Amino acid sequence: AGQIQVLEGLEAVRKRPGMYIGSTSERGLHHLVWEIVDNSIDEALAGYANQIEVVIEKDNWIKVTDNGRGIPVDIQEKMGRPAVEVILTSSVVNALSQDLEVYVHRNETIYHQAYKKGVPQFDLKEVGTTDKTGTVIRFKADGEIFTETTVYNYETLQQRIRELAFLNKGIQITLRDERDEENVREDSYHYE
């Protein structure tokens, strides 16, 4: 029933990414991180998260982790599908990613799903157990969309992360660049 409105949202985002993110250039690539990080910052504003970690991984995957509630997994009556899957299939970031993965820690369970260009590659599954709550999102910007550059710039991430931790007092926000195994760089911000 409601599966059809989700697929027009993806085509739209992907024909006119600019309308959603400003550009398909370097600046838009970095907007993808800001979208995901803002969700984690809302977990902390809600009172649940206090730590957010942003990692630039090998082959320019971005990994964002928070220790908030974990995205819900309960079945939605209208879609018939887990809440996380609904949430992530209307995500601009996901649409503009050749690959995206989620891990949710919730209900003493670790759940996993992956997507390409916004489309679920398999059903939500329980892959492990946990005594923490939170959410991990890893995504790789789509080279068929980001046809100029899919390489992140550390100082641009660093700059904004620091401003965000300064604005949002009490949240520990860490940035790490792991792309060169031989020289890993980390900056961790925590105000008050």
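The first residue of the shown sequence is 1; numbering continues from there. What we label the rigid core is the largest C-alpha set whose atoms superpose within 1.5 Å from one form to the other.
Looking at 72-80 and 102-110, the one farther from the shown form in 9 other deposited structures of this protein by average CA distance, after a rigid core fit, turns out to be 72-80. As recorded in the PDB entry, 153-161 is the stretch of 153-161 and 130-138 with the greater mean C-alpha temperature factor. When the mean C-alpha temperature factors of 40-48 and 119-127 are read from the deposited coordinates, 119-127 comes out higher. Listed residues 171, 184, 13, 175 were ranked by CA B-factor as deposited; 13 comes out on top. In the PDB entry, a CA B factor belonging to the middle third of its chain's modelled residues is recorded for residue 82. For residue 147, the recorded CA temperature factor ranks within the highest third of the chain's modelled residues. For residue 114, the recorded CA B-factor ranks within the lowest third of the chain. Only modelled residues enter the ranking. Ranked by C-alpha B-factor against the other modelled residues of its chain, residue 35 falls in the middle third. Placement of the Cα temperature factor of residue 102 within the chain: lowest third of the modelled residues, per the deposited record.
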